[PDB]
């Protein structure tokens, strides 16, 4: 299993990356990137913890002990082992704040494994290139070298004004093929953790009128010549004492510029078929969406805890008004958790025999989180009061003359004044900080319930009078069904 130290070294590979105005010499070391880079290191080192060997690792089919990240769930029971693996990672690293650690996006490659043939036999202009072997090859490399391969699938909003038939810029497209590979030019909008990966997982989602020279699926090293990762600015805090979570690292998002970059045939999985990009890219995001639900449920759990802690510390916890508000937080958690459990119980098997959770249920589970996060945030903030705003710094607390005033301001029915600040600082980082803010934003444009969901229900499912919801009502109304 890869080591954190090894991960950090592999970052200094001459990849060209900007964080805002600032060009980055070495992601592992630069003040704007090093902290998150060290979280990914932390991710790898976690798997060497003797006490975590059972939850984090398994003996693979080749006799090699690996991260359960690579393990395939065969049934619901298997899926709970997988979930427990993911939850252990999240609980350990920054209060489950990071959504694109390696286990999150790496598992998406299993959709290829489920049926590698289709990706080659459905390519347009793939001639006699062995794309199927390209899949098998990378899956082995990915797994055995324990690589980190972030997703780069999102396209620009694509000009909603011009003649769509003339699709020039800014989308990434094949501008020429040769005997050695293809050349691509354009950009990938919104990619998370691109600067911190070994390879990037280039792909796309179907949209009506998608050219075909734009249907590209590949995995290329991050430092492939002609690639520039332009990151938004980093929101990491420099004072760990004042910001226990925000100072731990910003999971950067970026737009990736491909400047006529050459992609060897060996690194391509599929090209050219808009029809194939319909539904197959969709499956690629299944495990990502499932992982998000896991993260969401843990977050709901954290908020309940924070609410119970801050509220017991101040001594308002036994007020009917307060407890009723805590009840809403518990409700929210139980609602999130129920979508998670129900989805895991109503799953199915992929071609590769992998047991997949029910997408209808976990996708609505995600919609439920997005639609109510504002509500619960407001409740936590209301319960915390000034504890998330008027936080005395260490210098003020430790002051000889006035330090004792702060101790008195924060003392409660359970003593331990320090705890008020500790709790308040977590709530602040989470909800009153740039860093905490991007944690809405992340899962936000990713969905938009009303919008996406019903464009994402009648896609694999049937929400018509002839579907499952039509039976009972029809019978009750005395109308024939079927």
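Residue numbers count along the first chain shown, from 1.
S.K.: Which of the two stretches, 442-450 or 60-68, shows the higher mean Cα temperature factor in the record?
M.R.: Taking the mean B-factor of the alpha carbons in each, 442-450 is higher.
S.K.: Can you tell me whether 395-403 has a higher mean C-alpha B factor than 287-295 in this record, or the other way round?
M.R.: Per the deposited B-factors, the answer is 395-403.
S.K.: Using the temperature factors in the entry, find which of 330, 195, 218, 172 has the highest value at its Cα atom.
M.R.: Each of 330, 195, 218, 172 was compared by C-alpha B-factor; the highest is 172.
S.K.: For the listed 347, 73, 315, 116, which has the peak Cα B-factor recorded in the PDB entry?
M.R.: Of the candidates given, the C-alpha B-factor peaks at 116.
S.K.: So where's residue 323 on the chain's Cα temperature factor ranking, which third?
M.R.: Its C-alpha B-factor belongs to the lowest third of this chain's values.
S.K.: Going by the recorded CA B-factors, say which third of the chain residue 415 sits in, lowest, middle or highest.
M.R.: For residue 415, the deposited C-alpha B-factor lands in the highest third.
S.K.: Give the position of residue 238 by CA B-factor within its chain, expressed as the lowest, middle or highest third.
M.R.: It belongs to the highest third of the chain when residues are ordered by C-alpha B-factor.
S.K.: In terms of the CA temperature factor given in the entry, to which third of its chain does residue 369 belong: lowest, middle or highest?
M.R.: According to the entry, residue 369 has a C-alpha B-factor in the chain's lowest third.
S.K.: Of the three thirds of its chain by CA temperature factor, lowest, middle or highest, which one includes residue 212?
M.R.: Tercile = highest for this residue's CA B-factor.
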